[PDB]
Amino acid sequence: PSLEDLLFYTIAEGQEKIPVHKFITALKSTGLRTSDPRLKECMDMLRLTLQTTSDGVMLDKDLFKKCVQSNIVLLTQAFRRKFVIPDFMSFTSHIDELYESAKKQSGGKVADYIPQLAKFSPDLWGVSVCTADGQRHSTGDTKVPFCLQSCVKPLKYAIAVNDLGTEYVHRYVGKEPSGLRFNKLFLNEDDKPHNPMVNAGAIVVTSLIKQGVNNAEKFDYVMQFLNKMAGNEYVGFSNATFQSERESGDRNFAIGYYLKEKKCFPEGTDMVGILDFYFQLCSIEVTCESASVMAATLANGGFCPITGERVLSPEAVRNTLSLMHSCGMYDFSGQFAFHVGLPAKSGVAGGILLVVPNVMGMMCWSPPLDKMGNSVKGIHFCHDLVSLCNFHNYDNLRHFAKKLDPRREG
């Protein structure tokens, strides 16, 4: 027997030669993108073959073997329906149905405190999925850039804990939700910020990363880190958003001097420079598609699912998911964890970074926020997703009533 050959028979279906487009179509229906970085060798060999043998686009067993051999393990997992969601085409038709239903929730107000979020349409709406195996689906406006805003807070906390360790980080920042109306206090009773998901805690965490290097390199270093998280998909930067947040962030300067006074930063911190860095991190741009891969790295124990790259330690990913669970959705965190039961993080640009641990990462984006700061269409979507599927942190994988389990077959 031979593994390149058994797959050949699986697809050849008693026929002699495989039309190459027939191979591509079977590949895509698994959820894999033909541009998947782990498939470069296979696609490079196929494109070359349609040059070298420009008569009739047929693969025999000998030719099939040489094209798929380098990436054979992944292709068998895809074709032997071993991915986390085996019937991916079924699942995405549900995602599309939830997407369309959320689309009808036309309420909410686009954040307009700087002229740059004001220029976004209320009608922009996109959802992107990347599973722990790299299966991809997008619907709506998933290639429109927008800033991460507070959706960067879990990412940079994950980075700090990865590089510095649990102990160090949490000498400077707490690990609990504050209390449904301690939203106005910057510090807990230990004179630490409550958690990394509130502005004061993120500001403290911004001040822990890559100490002793200047702001240009600190930024470069985080960007390089986010690029790996996103499997090298779009990660960008809005200088415009940066200028407007720095010229209008009185509240963040208030946090900054308060934290300095109460000595909350590591020694030798230049607070106002740290505030500058913080404004930059919030103006990093993503798309729905690229950001979904970042959340999938967090769903996948810190390995980027579309590259196989270890990005973050398991410790960083667990802490981040733990604090996204209780602290990630502003004053709605407690209601969200109860009804949705998934780690998620919202930002004022209307994004929600969603993690279904061991299954998939998602980014939903609709700019209109509700009175709590959370995107109306996104929130509506994340209730539906958990109401349809047994993805709630405390659903049971064996007894789950009328809910759907996309990880399973029949």
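All residue numbers are counted from 1 along the displayed sequence.
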item: Of 109-117 and 271-279, the one with larger mean CA B-factor; value: 109-117
item: Residue stretch of maximal mean CA temperature factor, 73-81 vs 302-310; value: 73-81
item: Candidate residues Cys288, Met223, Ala295, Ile203, the one whose C-alpha B factor the record puts highest; value: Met223
item: From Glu233, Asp123, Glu176, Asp96, residue of greatest CA B-factor; value: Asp123
item: B-factor third for the C-alpha atom of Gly56 within its chain; value: highest
item: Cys327 CA temperature factor, ranked by third within the chain; value: lowest
item: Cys389 by Cα B-factor - lowest, middle or highest third of the modelled chain; value: lowest
item: Ranked C-alpha temperature factor of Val213 among modelled chain residues, by third; value: highest
item: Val348 by Cα B-factor - lowest, middle or highest third of the modelled chain; value: lowest
